[PDB]
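Trainee: my_file_30.txt is the file, holding compact mmCIF, C-alpha atoms and all ligand atoms:
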```txt
# COMPACT_ATOMS: atom_id res chain seq x y z
CA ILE C 1 78.94 80.86 -163.63
CA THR C 2 79.84 79.25 -160.30
CA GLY C 3 76.91 78.92 -157.91
CA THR C 4 74.36 76.50 -156.52
CA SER C 5 71.70 74.60 -158.43
CA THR C 6 68.11 75.54 -157.88
CA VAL C 7 64.71 75.42 -159.55
CA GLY C 8 62.83 78.44 -160.87
CA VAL C 9 59.33 78.67 -162.33
CA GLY C 10 58.00 80.66 -165.29
CA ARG C 11 55.67 80.71 -168.30
CA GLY C 12 56.71 79.94 -171.86
CA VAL C 13 55.63 81.55 -175.11
CA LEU C 14 52.25 79.87 -175.17
CA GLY C 15 51.36 80.77 -171.55
CA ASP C 16 52.20 77.39 -170.05
CA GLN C 17 53.81 77.20 -166.64
CA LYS C 18 56.94 75.12 -166.20
CA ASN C 19 59.82 74.59 -163.79
CA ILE C 20 63.33 75.42 -165.03
CA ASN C 21 66.77 74.48 -163.70
CA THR C 22 68.71 77.58 -162.67
CA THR C 23 71.88 78.57 -160.83
CA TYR C 24 72.04 81.03 -157.96
CA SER C 25 74.97 83.44 -157.42
CA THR C 26 73.54 86.82 -156.42
CA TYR C 27 71.16 86.57 -159.36
CA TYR C 28 69.34 83.49 -160.60
CA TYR C 29 70.78 82.43 -163.94
CA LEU C 30 69.33 80.31 -166.72
CA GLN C 31 71.95 77.64 -166.20
CA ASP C 32 70.87 74.03 -165.78
CA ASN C 33 73.67 72.00 -164.16
CA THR C 34 71.69 68.76 -164.16
CA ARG C 35 72.27 67.91 -167.81
CA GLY C 36 75.79 67.27 -169.06
CA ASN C 37 78.23 70.16 -168.86
CA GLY C 38 75.14 72.36 -168.59
CA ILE C 39 72.45 74.15 -170.53
CA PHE C 40 72.90 77.93 -170.76
CA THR C 41 70.42 80.51 -172.08
CA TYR C 42 71.34 84.08 -172.99
CA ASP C 43 69.66 87.39 -173.85
CA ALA C 44 70.70 88.90 -177.21
CA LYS C 45 68.64 91.96 -176.26
CA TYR C 46 67.27 92.59 -179.79
CA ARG C 47 70.84 92.78 -181.15
CA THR C 48 72.72 90.36 -183.37
CA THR C 49 75.81 90.04 -181.18
CA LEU C 50 76.14 86.48 -179.81
CA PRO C 51 75.74 84.96 -177.45
CA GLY C 52 74.81 88.08 -175.50
CA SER C 53 74.60 87.87 -171.72
CA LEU C 54 73.76 84.87 -169.55
CA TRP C 55 70.15 85.30 -168.52
CA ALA C 56 69.97 86.76 -165.00
CA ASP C 57 66.85 87.20 -162.89
CA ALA C 58 66.48 88.58 -159.38
CA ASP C 59 63.78 86.30 -157.93
CA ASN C 60 63.88 82.99 -159.83
CA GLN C 61 60.39 83.64 -161.23
CA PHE C 62 60.11 84.02 -164.98
CA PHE C 63 56.61 85.30 -165.69
CA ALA C 64 57.18 88.47 -167.69
CA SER C 65 56.42 88.43 -171.42
CA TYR C 66 60.11 89.27 -172.02
CA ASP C 67 61.06 86.11 -170.12
CA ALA C 68 58.82 83.72 -172.07
CA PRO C 69 61.10 82.99 -175.05
CA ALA C 70 64.02 82.30 -172.67
CA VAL C 71 61.95 79.96 -170.52
CA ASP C 72 61.07 77.78 -173.54
CA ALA C 73 64.50 77.89 -175.19
CA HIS C 74 65.93 76.67 -171.92
CA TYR C 75 63.26 74.11 -171.12
CA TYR C 76 63.02 72.62 -174.58
CA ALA C 77 66.81 72.40 -174.86
CA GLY C 78 66.52 70.21 -171.76
CA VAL C 79 63.72 68.07 -173.20
CA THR C 80 65.79 67.56 -176.33
CA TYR C 81 68.82 66.51 -174.20
CA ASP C 82 66.60 64.05 -172.38
CA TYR C 83 65.26 62.64 -175.64
CA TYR C 84 68.67 61.93 -177.02
CA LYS C 85 70.03 60.56 -173.77
CA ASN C 86 67.09 58.34 -172.84
CA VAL C 87 66.18 57.18 -176.33
CA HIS C 88 69.51 56.94 -178.14
CA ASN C 89 71.99 56.87 -175.24
CA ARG C 90 73.54 59.99 -176.71
CA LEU C 91 74.91 62.59 -174.27
CA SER C 92 74.29 66.06 -175.71
CA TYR C 93 75.00 66.85 -179.37
CA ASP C 94 78.65 65.78 -179.46
CA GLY C 95 77.93 62.63 -177.47
CA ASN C 96 80.27 63.95 -174.78
CA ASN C 97 77.91 66.18 -172.74
CA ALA C 98 78.81 69.39 -174.59
CA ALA C 99 77.27 72.48 -173.02
CA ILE C 100 74.19 73.66 -174.87
CA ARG C 101 73.89 77.41 -175.24
CA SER C 102 70.88 79.30 -176.60
CA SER C 103 70.26 82.97 -177.28
CA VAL C 104 66.78 84.55 -177.43
CA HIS C 105 65.52 88.01 -178.50
CA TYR C 106 67.92 87.86 -181.45
CA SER C 107 67.50 91.00 -183.58
CA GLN C 108 64.11 92.70 -184.05
CA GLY C 109 61.13 91.02 -185.71
CA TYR C 110 63.37 88.14 -186.80
CA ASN C 111 61.23 85.37 -188.34
CA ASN C 112 63.59 82.44 -187.85
CA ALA C 113 65.70 80.37 -185.50
CA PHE C 114 68.91 78.45 -186.17
CA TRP C 115 71.86 76.51 -184.88
CA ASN C 116 74.93 78.43 -185.93
CA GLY C 117 77.68 75.83 -185.50
CA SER C 118 78.21 76.84 -181.85
CA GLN C 119 74.80 77.59 -180.31
CA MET C 120 71.04 78.03 -180.77
CA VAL C 121 69.66 81.39 -181.91
CA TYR C 122 65.99 82.42 -181.69
CA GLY C 123 64.25 85.40 -183.21
CA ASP C 124 61.05 86.74 -181.59
CA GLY C 125 59.15 86.68 -184.88
CA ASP C 126 57.39 89.79 -186.20
CA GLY C 127 54.20 88.92 -184.40
CA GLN C 128 52.36 88.11 -187.66
CA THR C 129 54.38 85.45 -189.44
CA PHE C 130 55.77 84.16 -186.12
CA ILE C 131 55.70 84.53 -182.35
CA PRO C 132 59.04 83.82 -180.50
CA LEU C 133 60.28 80.72 -182.19
CA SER C 134 61.53 78.94 -179.07
CA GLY C 135 57.83 78.46 -178.39
CA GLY C 136 57.95 75.48 -180.77
CA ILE C 137 59.49 72.33 -179.30
CA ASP C 138 59.90 70.79 -182.77
CA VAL C 139 61.63 73.97 -183.85
CA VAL C 140 64.03 73.72 -180.91
CA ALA C 141 64.77 70.03 -181.41
CA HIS C 142 65.07 70.52 -185.19
CA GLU C 143 67.83 73.07 -184.92
CA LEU C 144 69.64 71.26 -182.07
CA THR C 145 69.60 68.17 -184.27
CA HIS C 146 71.77 70.01 -186.80
CA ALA C 147 74.44 69.98 -184.08
CA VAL C 148 74.15 66.20 -183.84
CA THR C 149 74.50 65.99 -187.65
CA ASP C 150 77.55 68.31 -187.54
CA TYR C 151 79.27 65.90 -185.14
CA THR C 152 78.27 62.66 -186.87
CA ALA C 153 77.44 62.49 -190.59
CA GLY C 154 78.50 66.04 -191.36
CA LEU C 155 75.95 66.41 -194.16
CA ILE C 156 76.98 69.40 -196.27
CA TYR C 157 74.27 72.04 -196.36
CA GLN C 158 73.63 72.00 -200.08
CA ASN C 159 71.57 70.13 -202.68
CA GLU C 160 70.60 66.56 -201.78
CA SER C 161 72.94 66.20 -198.80
CA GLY C 162 71.50 69.49 -197.56
CA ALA C 163 67.88 68.32 -197.89
CA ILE C 164 68.81 65.14 -196.04
CA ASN C 165 70.33 67.36 -193.34
CA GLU C 166 67.07 69.27 -193.12
CA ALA C 167 64.98 66.12 -193.24
CA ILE C 168 66.99 64.60 -190.41
CA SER C 169 66.28 67.65 -188.29
CA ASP C 170 62.59 67.50 -189.14
CA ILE C 171 62.53 63.83 -188.27
CA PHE C 172 64.11 64.14 -184.81
CA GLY C 173 62.35 67.42 -184.08
CA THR C 174 59.03 65.66 -184.56
CA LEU C 175 60.15 62.60 -182.60
CA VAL C 176 61.10 64.91 -179.76
CA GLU C 177 57.67 66.55 -179.98
CA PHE C 178 56.09 63.10 -179.71
CA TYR C 179 58.37 62.18 -176.79
CA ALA C 180 57.28 65.32 -174.95
CA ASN C 181 53.75 64.14 -175.82
CA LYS C 182 52.33 67.64 -176.16
CA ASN C 183 49.89 67.93 -179.08
CA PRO C 184 52.34 65.96 -181.23
CA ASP C 185 51.97 65.89 -185.01
CA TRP C 186 54.01 65.56 -188.24
CA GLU C 187 53.94 69.24 -189.14
CA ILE C 188 56.77 71.64 -188.39
CA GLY C 189 56.43 74.86 -186.44
CA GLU C 190 52.67 74.92 -185.93
CA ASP C 191 52.94 76.18 -182.33
CA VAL C 192 54.66 79.37 -183.35
CA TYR C 193 53.66 79.98 -186.97
CA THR C 194 51.10 82.69 -187.90
CA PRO C 195 49.27 83.35 -184.65
CA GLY C 196 46.40 84.69 -186.72
CA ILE C 197 45.77 81.42 -188.58
CA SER C 198 44.74 78.08 -187.21
CA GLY C 199 45.99 74.70 -188.35
CA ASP C 200 48.89 75.69 -190.62
CA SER C 201 52.66 75.19 -190.33
CA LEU C 202 56.02 75.75 -192.07
CA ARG C 203 55.81 72.35 -193.74
CA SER C 204 54.21 68.97 -193.37
CA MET C 205 55.99 65.58 -193.21
CA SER C 206 52.88 63.44 -193.80
CA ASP C 207 51.94 65.45 -196.93
CA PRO C 208 54.64 67.92 -197.97
CA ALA C 209 52.51 68.85 -200.97
CA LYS C 210 50.13 70.64 -198.55
CA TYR C 211 52.66 73.51 -198.51
CA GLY C 212 54.07 73.12 -202.02
CA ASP C 213 57.02 70.85 -201.23
CA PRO C 214 57.80 67.77 -203.30
CA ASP C 215 56.65 64.33 -202.16
CA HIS C 216 58.32 62.46 -205.01
CA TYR C 217 61.84 62.57 -206.46
CA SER C 218 60.47 63.36 -209.91
CA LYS C 219 59.05 66.57 -208.42
CA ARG C 220 62.39 67.54 -206.97
CA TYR C 221 63.44 71.16 -207.10
CA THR C 222 66.53 71.50 -209.32
CA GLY C 223 67.43 75.20 -209.10
CA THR C 224 70.08 76.98 -207.03
CA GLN C 225 68.00 78.97 -204.56
CA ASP C 226 67.62 77.82 -200.94
CA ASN C 227 71.02 76.17 -201.32
CA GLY C 228 69.62 73.87 -203.97
CA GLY C 229 66.21 73.51 -202.27
CA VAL C 230 67.40 72.17 -198.90
CA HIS C 231 64.14 73.20 -197.21
CA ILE C 232 62.16 72.12 -200.30
CA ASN C 233 63.54 68.72 -201.30
CA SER C 234 63.48 67.67 -197.66
CA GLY C 235 59.78 66.97 -198.38
CA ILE C 236 60.84 63.89 -200.30
CA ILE C 237 62.78 62.36 -197.36
CA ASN C 238 60.25 63.59 -194.80
CA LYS C 239 57.51 61.83 -196.76
CA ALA C 240 59.57 58.62 -196.73
CA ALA C 241 60.25 58.97 -193.04
CA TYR C 242 56.56 59.48 -192.45
CA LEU C 243 55.54 56.40 -194.43
CA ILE C 244 58.12 54.18 -192.73
CA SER C 245 56.62 55.10 -189.36
CA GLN C 246 52.92 55.45 -190.07
CA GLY C 247 52.72 53.60 -193.37
CA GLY C 248 50.39 54.38 -196.22
CA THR C 249 49.82 54.31 -199.95
CA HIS C 250 51.60 56.96 -201.99
CA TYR C 251 51.51 57.17 -205.76
CA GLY C 252 50.16 53.62 -205.81
CA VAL C 253 53.01 52.35 -203.64
CA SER C 254 52.02 50.83 -200.29
CA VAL C 255 54.10 50.95 -197.08
CA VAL C 256 53.53 49.06 -193.87
CA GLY C 257 54.37 51.44 -191.05
CA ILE C 258 56.60 50.19 -188.25
CA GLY C 259 56.12 53.06 -185.78
CA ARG C 260 58.10 56.03 -184.43
CA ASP C 261 60.54 54.17 -182.17
CA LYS C 262 61.85 52.00 -184.97
CA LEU C 263 61.97 54.94 -187.35
CA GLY C 264 64.03 56.79 -184.78
CA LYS C 265 66.35 53.85 -184.22
CA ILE C 266 66.80 53.25 -187.89
CA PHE C 267 67.49 56.88 -188.78
CA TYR C 268 69.67 57.50 -185.71
CA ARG C 269 71.80 54.54 -186.76
CA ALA C 270 71.92 55.68 -190.38
CA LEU C 271 72.94 59.17 -189.31
CA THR C 272 75.70 58.17 -186.91
CA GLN C 273 77.08 55.11 -188.68
CA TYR C 274 76.52 55.31 -192.44
CA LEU C 275 75.84 58.80 -193.79
CA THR C 276 78.73 61.03 -194.93
CA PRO C 277 79.02 64.76 -195.77
CA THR C 278 78.16 64.21 -199.45
CA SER C 279 75.56 61.46 -199.07
CA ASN C 280 72.83 61.77 -201.66
CA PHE C 281 69.22 60.53 -201.61
CA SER C 282 70.12 57.16 -203.12
CA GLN C 283 72.88 56.78 -200.54
CA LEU C 284 70.45 57.60 -197.73
CA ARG C 285 68.31 54.77 -199.02
CA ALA C 286 71.22 52.34 -198.78
CA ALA C 287 72.08 53.68 -195.32
CA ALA C 288 68.55 53.33 -193.89
CA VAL C 289 68.25 49.83 -195.36
CA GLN C 290 71.60 48.72 -193.92
CA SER C 291 70.63 50.25 -190.61
CA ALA C 292 67.38 48.32 -190.61
CA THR C 293 69.28 45.18 -191.56
CA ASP C 294 71.75 45.66 -188.74
CA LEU C 295 68.83 46.12 -186.38
CA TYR C 296 66.20 43.64 -187.58
CA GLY C 297 67.80 41.25 -190.08
CA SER C 298 67.87 41.37 -193.90
CA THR C 299 64.43 39.81 -194.42
CA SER C 300 62.54 41.66 -191.67
CA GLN C 301 59.41 43.73 -192.03
CA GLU C 302 61.50 46.74 -191.07
CA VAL C 303 63.78 46.44 -194.05
CA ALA C 304 60.85 45.86 -196.41
CA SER C 305 59.07 48.99 -195.17
CA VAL C 306 62.18 51.06 -195.66
CA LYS C 307 62.47 49.75 -199.21
CA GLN C 308 58.81 50.51 -199.92
CA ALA C 309 58.95 53.98 -198.44
CA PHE C 310 61.85 55.04 -200.69
CA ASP C 311 60.18 53.38 -203.66
CA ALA C 312 57.00 55.37 -202.92
CA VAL C 313 58.93 58.62 -203.09
CA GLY C 314 60.85 57.47 -206.15
CA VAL C 315 64.30 57.23 -204.55
CA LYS C 316 66.07 54.16 -205.86
CA CA T 401 61.84 87.41 -162.24
CA CA T 402 52.26 69.97 -182.31
CA CA T 403 55.05 69.78 -184.93
CA CA T 404 49.25 79.55 -187.32
CU CU T 405 67.08 73.86 -190.32
```
What does the file become when written as structure tokens?
Mentor:
Amino acid sequence: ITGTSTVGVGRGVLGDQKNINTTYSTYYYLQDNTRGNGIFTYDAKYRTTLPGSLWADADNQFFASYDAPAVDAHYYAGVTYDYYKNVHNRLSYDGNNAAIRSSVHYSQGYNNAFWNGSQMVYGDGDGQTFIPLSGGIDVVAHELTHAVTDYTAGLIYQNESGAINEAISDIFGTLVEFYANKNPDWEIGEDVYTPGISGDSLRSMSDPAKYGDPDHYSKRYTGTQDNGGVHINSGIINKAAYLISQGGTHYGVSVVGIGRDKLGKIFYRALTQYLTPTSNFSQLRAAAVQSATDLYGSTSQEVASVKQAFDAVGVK
């Protein structure tokens, strides 16, 4: 909408108070004009029609329970923008300040959240398996990262290219969680998964096995469900990403970690300059190595760690 930029205040899903960029024209809208061509958050009103209606509020205060998922969807979309801009010099997901639009309250009891090719969509969860999923900054940054993948490598959402796609989203979602520096970790979704149970998550990057996902190529899922295990085989790449950053010994293979910034730089470069829609695991290895080579030289520690990490998970 046309109006003037202002700042509202509210509480997100986990009861935390934050300021949000809004726009005033009769009502206060969840429209942030300070980032790119804008960040826009909508109410799907428990239906599945999208995007629904631009979020409008009478007093610029967002403290109702109904408001909380919108507050976080909006705020975290902004933190993700900031991550990509400040860290990778990328402006929004298309690199040209594309508007970011999010819908919350999608359907009833919907235990998931997703980028749909045009915008972000967040269910409220059923209150047992999940609380409103925009409560999880890694969840938000994960799904927004599929937009970045759509506009760069274009990794097809199936089999190994699909698990790479997933892995990439897990990797930048986590790096965004670390950048926000709020109880960061290498698990995915812990802030909104199973409010009844402490310390679990959807999956783990540091030890995928913890939730049944493979941590070695030999343990790869080979069937046809989950689009050829895209959310399963990502464990293999996630493990590799984790070892490159934090290092470790895995199946008797030892990796010297080089830290999160370099991991980010190496995988951002691999994603935007070397991966393709049908890249497989082996190709990702060649892409991460070449990226590290571009960045630190063929005989650097960075390249050696990349080589060791993929060896440790069995990806030659
Ligand atoms: Ca209000
Ligand atoms: Ca966390
Ligand atoms: Ca996390
Ligand atoms: Ca839990
Ligand atoms: Cu995903």
Trainee: Find the nearest atom pair between each residue of chain C and ligand CA 402 (chain T) for residues within 10 Å, count all atoms listed in the file, give distances in Å to one decimal, sort rows by chain and ascending number, and present the table as JSON lines.
Mentor:
```
{"residue": "C:136", "atom": "CA", "partner": "T:CA402", "partner_atom": "CA", "distance": 8.1}
{"residue": "C:137", "atom": "CA", "partner": "T:CA402", "partner_atom": "CA", "distance": 8.2}
{"residue": "C:138", "atom": "CA", "partner": "T:CA402", "partner_atom": "CA", "distance": 7.7}
{"residue": "C:174", "atom": "CA", "partner": "T:CA402", "partner_atom": "CA", "distance": 8.3}
{"residue": "C:177", "atom": "CA", "partner": "T:CA402", "partner_atom": "CA", "distance": 6.8}
{"residue": "C:178", "atom": "CA", "partner": "T:CA402", "partner_atom": "CA", "distance": 8.3}
{"residue": "C:181", "atom": "CA", "partner": "T:CA402", "partner_atom": "CA", "distance": 8.9}
{"residue": "C:182", "atom": "CA", "partner": "T:CA402", "partner_atom": "CA", "distance": 6.6}
{"residue": "C:183", "atom": "CA", "partner": "T:CA402", "partner_atom": "CA", "distance": 4.5}
{"residue": "C:184", "atom": "CA", "partner": "T:CA402", "partner_atom": "CA", "distance": 4.2}
{"residue": "C:185", "atom": "CA", "partner": "T:CA402", "partner_atom": "CA", "distance": 4.9}
{"residue": "C:186", "atom": "CA", "partner": "T:CA402", "partner_atom": "CA", "distance": 7.6}
{"residue": "C:187", "atom": "CA", "partner": "T:CA402", "partner_atom": "CA", "distance": 7.1}
{"residue": "C:188", "atom": "CA", "partner": "T:CA402", "partner_atom": "CA", "distance": 7.8}
{"residue": "C:189", "atom": "CA", "partner": "T:CA402", "partner_atom": "CA", "distance": 7.6}
{"residue": "C:190", "atom": "CA", "partner": "T:CA402", "partner_atom": "CA", "distance": 6.1}
{"residue": "C:191", "atom": "CA", "partner": "T:CA402", "partner_atom": "CA", "distance": 6.2}
{"residue": "C:192", "atom": "CA", "partner": "T:CA402", "partner_atom": "CA", "distance": 9.8}
{"residue": "C:199", "atom": "CA", "partner": "T:CA402", "partner_atom": "CA", "distance": 9.9}
{"residue": "C:201", "atom": "CA", "partner": "T:CA402", "partner_atom": "CA", "distance": 9.6}
```
Trainee: So the first atom is atom CA of residue C:165 and the second is atom CA of residue C:234; what is the distance between them in Å, to one decimal place?
Mentor: 8.1 Å
Trainee: Residues within 8 Å of ligand CU 405 (chain T) should be enumerated using only C-alpha atoms and all ligand atoms and returned as a PDB file with C-alpha atoms, in the coordinates of the input.
Mentor:
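Contents of the output file out.pdb:
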```
ATOM      1  CA  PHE C 114      68.910  78.450-186.170  1.00  0.00           C
ATOM      2  CA  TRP C 115      71.860  76.510-184.880  1.00  0.00           C
ATOM      3  CA  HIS C 142      65.070  70.520-185.190  1.00  0.00           C
ATOM      4  CA  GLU C 143      67.830  73.070-184.920  1.00  0.00           C
ATOM      5  CA  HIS C 146      71.770  70.010-186.800  1.00  0.00           C
ATOM      6  CA  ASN C 165      70.330  67.360-193.340  1.00  0.00           C
ATOM      7  CA  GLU C 166      67.070  69.270-193.120  1.00  0.00           C
ATOM      8  CA  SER C 169      66.280  67.650-188.290  1.00  0.00           C
ATOM      9  CA  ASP C 170      62.590  67.500-189.140  1.00  0.00           C
ATOM     10  CA  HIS C 231      64.140  73.200-197.210  1.00  0.00           C
TER      11      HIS C 231
END
```
Trainee: With stretch 244-262 of chain C as the partner and 12 Å as the cut-off, tabulate the residues of stretch 12-121 of chain C that qualify, each row holding the nearest pair of atoms and their distance in Å to one decimal, using all atoms listed in the file, sorted by chain and rising number, as a Markdown table.
Mentor:
```
| residue | atom | partner | partner_atom | distance |
| --- | --- | --- | --- | --- |
| C:83 | CA | C:261 | CA | 11.7 |
| C:87 | CA | C:261 | CA | 8.7 |
| C:88 | CA | C:261 | CA | 10.2 |
```
Trainee: Considering only C-alpha atoms and all ligand atoms, state which residue in the set C:267, C:84, C:193, C:157 is at the smallest distance from ligand CA 404 (chain T).
Mentor: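 Answer, going by the shortest atom-to-atom distance: C:193.
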Trainee: Go through C:222, C:65, C:278, C:273 and flag the residue nearest residue C:290, using all atoms listed in the file for the distances.
Mentor: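 Closest to residue C:290 of all the choices is C:273.
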Trainee: Would you list the contacts of residue C:76 as a PyMOL selection string, taking every protein, DNA or RNA residue within 7 Å and counting all atoms listed in the file, but skipping same-chain residues closer than 3 positions in sequence?
Mentor: chain C and resi 72-73+79-80+137+140
Trainee: Find, counting all atoms listed in the file, the residue in C:110, C:24, C:141, C:93 that gets nearest to residue C:77.
Mentor: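 Ranked by minimum distance to residue C:77, first place goes to C:141.
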Trainee: If you measure from atom CA of residue C:164 to atom CA of residue C:229, what distance in Å do you get, rounded to one decimal?
Mentor: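 Taking atom CA of residue C:164 as the start and atom CA of residue C:229 as the end point, the length is 10.8 Å.
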Trainee: Measuring between all atoms listed in the file, which one of C:14, C:133, C:309, C:237 shows the shortest distance to residue C:280?
Mentor: C:237
Trainee: Which protein, DNA or RNA residues have an atom within 6 Å of ligand CA 401 (chain T), counting all atoms listed in the file, as a PyMOL selection string?
Mentor: chain C and resi 57-62
Trainee: Can you find the residues with an atom no farther than 9 Å from (56.4, 80.7, -167.4), counting all atoms listed in the file, and report them as a count of residues only?
Mentor: 20
Trainee: What does the distance between atom CA of residue C:26 and atom CA of residue C:4 come to in Å, to one decimal place?
Mentor: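 About the pair atom CA of residue C:26 and atom CA of residue C:4: they are 10.4 Å apart.
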Trainee: Just want the 9 Å neighbourhood of stretch 212-214 of chain C, counted on only C-alpha atoms, with same-chain residues fewer than 4 positions away dropped. Output as a PyMOL selection string.
Mentor: chain C and resi 203-204+207-208+218-221+231-236+239
Trainee: Using all atoms listed in the file, which of C:130, C:40, C:75, C:179 sits nearest ligand CA 404 (chain T)?
Mentor: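 Going through C:130, C:40, C:75, C:179 one by one, the smallest distance to ligand CA 404 (chain T) is for C:130.
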Trainee: Rank nothing, just name the residue among C:92, C:296, C:135, C:241 nearest to ligand CA 403 (chain T), using all atoms listed in the file.
Mentor: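 Among the listed residues, the smallest separation from ligand CA 403 (chain T) belongs to C:135.
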Trainee: Dump as a PyMOL selection string all residues having an atom at most 8 Å from (73.5, 65.8, -168.5), computed in the file's coordinates with all atoms listed in the file.
Mentor: chain C and resi 33-38+81+91-92+97
Trainee: Would you pick out the contacts of residue C:111 at 10 Å or less, using only C-alpha atoms, so that residues sharing its chain but fewer than 3 positions from it are not included, and give the list as a PyMOL selection string?
Mentor: chain C and resi 106-108+122-133+193
Trainee: Quick one: stretch 208-238 of chain C with C-alpha atoms, as a PDB file, in the first residue's frame?
Mentor:
```
ATOM      1  CA  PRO C 208      21.671 -36.467  11.738  1.00  0.00           C
ATOM      2  CA  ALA C 209      21.561 -40.006  13.108  1.00  0.00           C
ATOM      3  CA  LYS C 210      20.015 -38.567  16.305  1.00  0.00           C
ATOM      4  CA  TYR C 211      16.710 -38.406  14.387  1.00  0.00           C
ATOM      5  CA  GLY C 212      17.224 -41.357  12.044  1.00  0.00           C
ATOM      6  CA  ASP C 213      18.740 -39.504   9.091  1.00  0.00           C
ATOM      7  CA  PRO C 214      21.825 -40.779   7.278  1.00  0.00           C
ATOM      8  CA  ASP C 215      25.259 -39.377   8.116  1.00  0.00           C
ATOM      9  CA  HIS C 216      27.084 -41.389   5.458  1.00  0.00           C
ATOM     10  CA  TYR C 217      26.437 -41.944   1.748  1.00  0.00           C
ATOM     11  CA  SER C 218      26.370 -45.704   2.252  1.00  0.00           C
ATOM     12  CA  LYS C 219      23.351 -45.165   4.526  1.00  0.00           C
ATOM     13  CA  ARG C 220      21.563 -43.138   1.909  1.00  0.00           C
ATOM     14  CA  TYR C 221      17.846 -43.632   1.470  1.00  0.00           C
ATOM     15  CA  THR C 222      17.160 -45.061  -1.997  1.00  0.00           C
ATOM     16  CA  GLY C 223      13.351 -45.264  -2.188  1.00  0.00           C
ATOM     17  CA  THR C 224      10.835 -42.954  -3.853  1.00  0.00           C
ATOM     18  CA  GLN C 225       9.024 -41.433  -0.891  1.00  0.00           C
ATOM     19  CA  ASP C 226       9.777 -37.862   0.253  1.00  0.00           C
ATOM     20  CA  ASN C 227      10.743 -37.130  -3.355  1.00  0.00           C
ATOM     21  CA  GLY C 228      13.585 -39.613  -3.113  1.00  0.00           C
ATOM     22  CA  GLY C 229      14.413 -38.747   0.518  1.00  0.00           C
ATOM     23  CA  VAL C 230      15.065 -35.010   0.079  1.00  0.00           C
ATOM     24  CA  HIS C 231      14.523 -34.357   3.793  1.00  0.00           C
ATOM     25  CA  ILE C 232      16.352 -37.599   4.667  1.00  0.00           C
ATOM     26  CA  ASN C 233      19.491 -37.649   2.523  1.00  0.00           C
ATOM     27  CA  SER C 234      20.080 -34.005   3.386  1.00  0.00           C
ATOM     28  CA  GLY C 235      21.602 -35.462   6.590  1.00  0.00           C
ATOM     29  CA  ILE C 236      24.611 -36.524   4.563  1.00  0.00           C
ATOM     30  CA  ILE C 237      25.351 -32.984   3.262  1.00  0.00           C
ATOM     31  CA  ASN C 238      24.358 -31.357   6.542  1.00  0.00           C
TER      32      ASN C 238
END
```
